[PDB]
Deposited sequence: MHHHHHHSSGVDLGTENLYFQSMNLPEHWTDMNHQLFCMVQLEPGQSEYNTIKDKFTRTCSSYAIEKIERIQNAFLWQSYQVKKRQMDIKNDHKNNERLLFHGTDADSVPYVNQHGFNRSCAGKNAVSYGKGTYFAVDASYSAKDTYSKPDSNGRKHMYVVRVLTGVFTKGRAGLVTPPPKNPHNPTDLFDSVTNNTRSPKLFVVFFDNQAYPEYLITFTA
């Protein structure tokens, strides 16, 4: 059940597809980034077509939509990383056992604003000054305020300890960071290669 906007993969299960400048998909992803990163230079945008990562993610989404009894569990977020992590993320997605600060818990971190992910500490410039940021589908679901040392989100009710929040944030009224603690709660959808 692979998304309609994907391009044919000749019966392959993994392809990085460079987007054409000026077309709608490219323009939509460009604007999300330039909203807060209009001072940077975009070299290219790639659609991540990972069928295995996509089905594992869609299964979790269907599970969360049922458990939460609504379908507002998904957000579009940013993740800056180093050149050496890119092949891993394209192929295997986000892994909390890899991850800088972890002051809201030991999970994978996603930014509301591209400009947060554009910091050199996250989108580390390679030899050439090239920086890498993903546009990520993440199942934030029902979230609470994080804190240092969490290995999973907290329970909603301390009297049902196993019924958990889906994600954690820096601030529930006005979130700028989300962290998720489970594989396949995030799908890396686009890779933006850019420079200062």
Practice prompt. Please list, in sequence order, every stretch of the deposited sequence that lacks C-alpha coordinates.
Written response: 1-23, 123-124
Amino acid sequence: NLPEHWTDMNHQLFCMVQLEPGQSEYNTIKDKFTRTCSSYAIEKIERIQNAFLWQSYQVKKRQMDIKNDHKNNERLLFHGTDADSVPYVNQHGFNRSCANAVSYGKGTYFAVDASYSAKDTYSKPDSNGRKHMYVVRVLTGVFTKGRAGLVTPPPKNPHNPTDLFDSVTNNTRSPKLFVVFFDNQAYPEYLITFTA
From here on, numbers count along this sequence of modelled residues.
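For the two forms, the rigid core is made up of the largest set of C-alpha atoms that agree within 1.5 Å on superposition.
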Worksheet item: Is 63-71 or 165-173 the stretch whose C-alphas end up farther from this model in 9 other deposited structures of this protein after a rigid core fit?
Response: 63-71
Worksheet item: Which of the two stretches, 21-29 or 179-187, moves more in 9 other deposited structures of this protein when the core is held fixed, judged by C-alpha RMS distance?
Response: 21-29
Worksheet item: Hey, does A99 show up as a hole in at least a third of the other compared models?
Response: yes
Practice prompt. Read off the CA B-factors in the entry, average them over 132-140 and over 156-164, and name the higher stretch.
Written response: 156-164
Practice prompt. May I ask you to compare 122-130 and 75-83 by their mean CA B factor in the entry and name the higher one?
Written response: 122-130
Discussion item. Just the C-alpha B-factor column, please: which of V17, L13, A186, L177 has the biggest number?
Written reply: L13
Discussion item. Is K67 in the lowest, middle or highest third of its chain when residues are ranked by C-alpha B-factor?
Written reply: highest
Worksheet item: In terms of the chain's CA B-factor thirds, is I48 lowest, middle or highest?
Response: middle
Worksheet entry | Where the record places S115 (Cα B-factor, split into thirds across the chain) | lowest
Item to complete: Sort the modelled residues of this chain by their C-alpha B factor and say whether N100 lands in the lowest, middle or highest third.
Response: highest
Fill in: For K32, the third of its chain into which the C-alpha B factor falls
highest
